Ligand SMILES: CC(C)S(=O)(=O)NC[C@H](C)c1ccc(-c2ccc([C@@H](C)CNS(=O)(=O)C(C)C)cc2)cc1
Ligand SMILES: N[C@@H](Cn1cc(F)c(=O)[nH]c1=O)C(=O)O
Ligand SMILES: N[C@@H](Cn1cc(F)c(=O)[nH]c1=O)C(=O)O
Ligand SMILES: N[C@@H](Cn1cc(F)c(=O)[nH]c1=O)C(=O)O
């Protein structure tokens with residue numbers, strides 16, 4: 001019933017990061033894929049946008065092979081942007 | 001710059017409560033008003049919906065005269081519903 | 001009835017036909033993917049066209065698009081300009097409305113956002129373009145800057 | 001009016017026109033990029049059509 | 001009428017595959033060589049029975 | 001621990017006594033002046049910065065930056081060409097050049113996708129469709145005839 | 001609405017349209033008149049006759 | 001209205017016409033629909049005869 | 001994971017590792033225990 005954008009955000013970042021740990025060393029190439037996994041698991045307000053767009057972009061624009069931990073730790077506090085459009 | 005739904009939620013609840021402590025004994029009647037102040041201050045994705053709708057409704061359905069503190073403390077953890085529609 | 005209906009028939013000059021005639025001169029941009037197309041093309045018709053434009057005098061090539069169109073307008077319809085689709089549609093939708101797009105297109109391609117190889121921006125920009133595509137943003141932008149305010153009927 | 005109808009021959013041009021009438025039924029493939037487009041699309045006309 | 005959206009087909013590969021870049025370049029050259037157009041013609045209009 | 005933030009005099013009342021890095025990079029966007037892609041505004045002479053330009057590529061640049069989350073600076077290409085490599089010097093000219101030699105971080109413009117460029121740079125999926133077409137002067141309406 | 005919120009007036013009798021934005025900051029009685037946004041254009045003249 | 005006043009139900013969602021007689025015993029939300037007393041007759045025979 | 005207090009269990013742990021995608025492992029053990037663990041690794045093809 002109740003859906004919260006905040007809880008959806010936390011779940012989003014967490015599921016992305018938890019996904020990226022399966023692909024370790026290849027992470028930079030799998031960021032988008034794992035993001036869609038988080039979007040589809042935690043649900044989204046807009047199917048197109050995903051659970052947190054800003055996070056996806058920040059990560060995809062930062063994550064390097066075996067750089068995961070610091071990348072996620074720096075990207076999870078970022079603003080999700082607009083969940084609608 | 002980029003606006004975050006989560007940060008907007010926190011700001012919403014906080015600004016609502018900060019407004020409602022201006023009015024005492026009538027709080028239950030001014031809850032909606034204070035909500036529009038939080039919506040107009042912290043901004044919203046949809047002007048109609050506001051910054052956090054679920055919070056506003058939870059408060060309107062709870063707040064009693066001089067019941068403010070406990071009402072707010074129980075309503076800020078509620079799900080925002082949805083900022084879009 | 002038939003007088004009530006009107007409309008019009010679309011004139012088509014094609015391309016190969018343009019290759020076969022010496023009457024109407026034609027050319028392209030001074031330096032561009034279009035010119036480079038005509039040059040580098042191993043196809044018969046286009047090869048012929050390129051040979052013609054290459055040895056045609058005076059030079060049928062133009063420095064800019066505006067210059068080319070302006071040359072098309074003052075040529076009494078005796079000069080054709082080979083330009084990219086978009087630019088043609090745009091000039092066609094703006095006054096004096098003396099130009100036109102004739103026949104089909106010579107090739108099918110697209111524009112794109114370019115980044116230096118290995119740039120961080122590459123994938124996010126790509127996904128951004130994909131999203132703008134599905135959201136109709138690209139189409140709406142095209143309309144805004146082409147057909148929406150268009151000045152010919 | 002008959003030979004006038006002859007040029008009245010083309011009622012449906014765009015998609016929007018088809019969206020506004022329930023007379024002519026319409027649909028897409030069961031599973032494909034097309035259907036998923038209609039679903040995931042928040043665009044007005046397509047939204048109506050998908051609904 | 002026209003088309004509802006503007007998109008394209010493409011050669012798909014699994015993420016991080018080596019074939020991704022070469023296949024891409026290959027499609028580009030086939031495009032510039034006119035192979036793609038001629039191929040569509042071969043399988044569409046050339047034998048076209050409606051004229 | 002405790003520290004003095006100021007003092008209070010018999011008159012002056014409350015007097016408060018005593019008491020840079022980490023920023024995001026500006027992205028340089030190279031574009032060419034072509035209508036209706038990038039055009040100068042009517043009053044651009046009185047305006048400065050990215051408020052000078054307007055067009056499809058301008059709006060697309062704004063959108064792309066907003067999605068990717070970077071501060072962008074629109075800059076027209078120096079030589080005024082799209083891109084090419086001199087068969088002699090093997091040197092790239094135009095926007096493609098500014099990408100290769102790193103004069104610009106990204107290029108948003110009507111840059112036609114070509115294999116020759118696709119080898120030296122990265123191209124996003126196409127944001128617009130086109131093809132080489134023919135332009136002629138609009139013919140006279142003439143007459144119906146006998 | 002301003003004179004109501006800041007208490008310059010005890011009540012407002014006027015063609016004050018009910019809007020949710022106002023309903024949150026003030027009290028509105030049940031509607032005494034119905035309306036909606038409508039279009040006004042200059043009436044086409046039956047004029048310009050003749051031979 | 002009875003089920004509301006005597007507390008058989010917590011709320012009433014229905015085509016309940018707002019009336020002064022009820023407004024005293026119950027609370028009415030802003031009206032969600034407009035209507036009025038109208039006349040219903042059988043559809044007269046189609047088209048028309050005449051010179 | 002303490003491997004000194006313990007065959008099937010090894011297959012289990014390496015199974016969940018395979019699913020979690022943790023390839024990297026550090027063997028801190030006696031020479032004998034190392035040999036054992038490696039043998040169990042080869043048998044189930046990890
Ligand atoms: C998926 C979308 C982002 S999109 O389809 O890529 N772009 C949207 C935009 C309206 C658009 C749509 C379609 C096309 C397009 C243009 C040409 C082709 C074929 C004929 C050649 N492909 S190519 O990439 O240009 C070539 C140089 C190899 C295929 C598709 C170009 C741009
Ligand atoms: N955009 C092209 C350059 N370009 C531009 C034009 F307007 C044109 O008519 N022909 C052309 O090659 C490229 O990127 O090479
Ligand atoms: N009555 C409206 C104001 N108001 C008045 C008009 F005559 C009109 O055409 N539009 C409008 O918004 C309100 O209550 O704000
Ligand atoms: N809605 C009315 C009752 N009611 C219902 C009808 F269907 C009708 O035709 N007339 C009427 O008075 C009420 O609120 O009492």
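Quick look at the values:
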quantity: Unique match (being part of a strand (DSSP E or B) and on the phi < 0 side of the Ramachandran plot) among F:59, F:93; calculated: F:93
quantity: Condition met for residue G:7 (over 17 Å from the mean Cα position of the chain (by Cα), within 14 Å of another protein chain (Cβ to nearest Cβ) and away from ligand 1 (no atom under 16 Å from the Cβ)); calculated: yes
quantity: Among residues of the stretch A:16-57, those that are at the interface with another protein chain (Cβ under 7 Å from one of its Cβ atoms) and either buried (at least 23 other Cβ atoms within 10 Å of the Cβ) or in a helix (DSSP H, G or I) (or both), counted; calculated: 6
quantity: Any hit, the stretch A:3-14, residues being outside any helix (DSSP H, G or I) and surrounded by fewer than 23 Cβ atoms within 10 Å (Cβ to Cβ); calculated: yes
quantity: Answer from F:106, F:76 - the residue that is surrounded by 21 or more Cβ atoms within 10 Å (Cβ to Cβ) and under 21 Å from the mean Cα position of the chain (by Cα); calculated: F:106
quantity: Among the candidates H:18, H:26, residue that is more than 16 Å from ligand 2 (Cβ to nearest atom) and within 26 Å of residue G:35 (Cβ to Cβ); calculated: H:18
quantity: Sole exception among (1) in contact with a helix residue (DSSP H, G or I) (Cβ under 6 Å, 6 or more places away or on another chain); (2) at positive phi for residue I:21, by number; calculated: (1)
quantity: Condition met for residue F:33 (assigned to a loop (DSSP other than H, G, I, E, B) and more than 30 Å from residue A:74 (Cα to Cα)); calculated: yes
quantity: Filtered residue count, the stretch H:23-39, keeping only those that are away from every other protein chain (no Cβ under 12 Å) and within 12 Å of ligand 4 (Cβ to nearest atom); calculated: 4
quantity: Evaluation of residue F:108 against (1) facing chain C (nearest Cβ under 9 Å); (2) away from ligand 1 (no atom under 16 Å from the Cβ); (3) under 26 Å from residue C:144 (Cβ atoms) (one fails), failing number; calculated: (2)
quantity: Residue list for the stretch C:124-148, filter: out of contact with any helix residue (DSSP H, G or I) (no Cβ under 7 Å at 6 or more places or on another chain) and in a loop (DSSP other than H, G, I, E, B); calculated: C:135, C:136, C:147, C:148
quantity: Test: residue F:34 is within 29 Å of residue C:138 (Cα to Cα), away from every other protein chain (no Cβ under 14 Å) and surrounded by 10 or more Cβ atoms within 10 Å (Cβ to Cβ); calculated: no
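We did not get these values from a lab; they are worked out from the coordinates using the rules stated. Reconstructed Cβ throughout: ideal geometry from the backbone, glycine too, with neighbour counts over all protein chains shown.
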